[PDB]
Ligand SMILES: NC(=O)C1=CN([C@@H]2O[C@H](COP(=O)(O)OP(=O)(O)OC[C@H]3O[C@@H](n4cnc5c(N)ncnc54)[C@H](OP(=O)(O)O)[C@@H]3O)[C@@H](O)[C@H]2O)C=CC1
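Shown below, as structure tokens, is a lone chain in the form solved without the ligand; questions about how it binds or moves come after it.
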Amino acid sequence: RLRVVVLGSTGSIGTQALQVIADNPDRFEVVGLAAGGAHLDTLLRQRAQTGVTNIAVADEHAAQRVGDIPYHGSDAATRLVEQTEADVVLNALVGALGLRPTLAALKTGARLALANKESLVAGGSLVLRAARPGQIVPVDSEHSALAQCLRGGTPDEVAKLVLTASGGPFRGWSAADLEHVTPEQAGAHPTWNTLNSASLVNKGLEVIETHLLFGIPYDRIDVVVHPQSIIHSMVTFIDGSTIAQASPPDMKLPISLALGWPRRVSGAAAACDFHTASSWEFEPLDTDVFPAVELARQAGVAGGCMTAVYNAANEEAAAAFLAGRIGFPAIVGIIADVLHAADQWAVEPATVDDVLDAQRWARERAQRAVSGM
């Protein structure tokens, strides 16, 4: 029985992970839960339902609303990871909260089932340095597919990695059409991922993660638009053979595989039914209209903290768009402007502080680009 710590337990990935674990008590036992703090109601139900009292809340003010959370405030999730004996740490925390628990999980020797994108994109080689071969197992559909498809040959036999992309809500839109796009049109409803999916920045992040997880050069990582999202990614080998992973969209599949790696979890998700006719479409990404992916490749080839800069510039430009300060195509315009000025940030991140410094620099630089304009 594998002891699992679920970080970011109240989001979509976390709840689905708990469902997989609840369905499979023979293979998994939850030994810890952590939440950012936005969905304290969910976490308290999770404590009541799992009987797990080993729980953390990052938001100090949210935790004080309850008064009996064992780890709270600054680095609560990291401390839970450091102090809990576990076989697997699932990291589905949001944004910046993910990095230090990723590093803590890796130092414990546990398998890291990684859902948090910022960890790898921002942390880069800082994170890779902390890991042994095979210790990081990806939770993202695309990277899970790749990991599975890579079993099709040896590393020297790999020619290309092909990521599929839905294309988002603006697939087939003109550059002129995007000028008028509103946040709500992108599926975003401002508050105290859906936008990054619309801008294709999410796909650029996945390209960076692909390079870091699997060690394949950026010019051998392709993106293909596949609106059905049935094929989740593919690997082309040196002999001409492509191996692909397919399933009806259901995140419980890649979540189960990361938890149970390398053993598959029986009945995790429904398989492709070929009793109905279906048609799977493939088309090139319109790189003229959606340059986010090529910009990610650019940041990634330059290297080091440039990927933290790419991500941080995106967050700030995206927030400006949600605020109504800039238009939609300006998001990737600002990312490009920030990277062009980021010559000091190609260095490898030596410490967590290097990452946070790069991110702070990038945000301020994006703010300057936003303000004028």
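We call the rigid core whatever largest set of C-alpha positions still superposes within 1.5 Å between the two forms. Heads up: residue numbers just count along the shown sequence, starting at 1.
Omitted here: the form solved in complex with the ligand. The next part is about that form.
- Ligand-free form, site status blocked: the ligand, modelled in by superimposing site C-alphas onto its pose in the deposited bound form, brings 3 or more atoms within 2.4 Å of backbone or C-beta atoms.
- Note on the partner interface in the deposited bound form: the residue among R111, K117, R79, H211 having a heavy atom within 4.5 angstroms of the ligand is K117.
- A heavy atom within 4.5 Å of the ligand in the deposited bound form is found for exactly one of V181, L97, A292, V265: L97.
- Heavy atoms within 4.5 Å of the ligand in the deposited bound form map, among the stretches 300-308, 324-332, 341-349, 36-44, onto 36-44 alone.
- Of the heavy atoms in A86, none are within 4.5 Å of the ligand in the deposited bound form.
- Residue contact with the ligand in the deposited bound form: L257 places no heavy atom within 4.5 Å of it.
- At a distance threshold of 4.5 angstroms between non-hydrogen atoms, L93 is in contact with the ligand in the deposited bound form.
- Although the partner is absent here, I13 sits close enough that one of its heavy atoms falls within 4.5 Å of the ligand in the deposited bound form.
- Annotation for 131-167: the only interface residue with the ligand in the deposited bound form is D140 [heavy atom within 4.5 Å].
- Remark: with the core as the superposition reference, the CA shift of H340 between the shown form and the other one stays below 2 Å.
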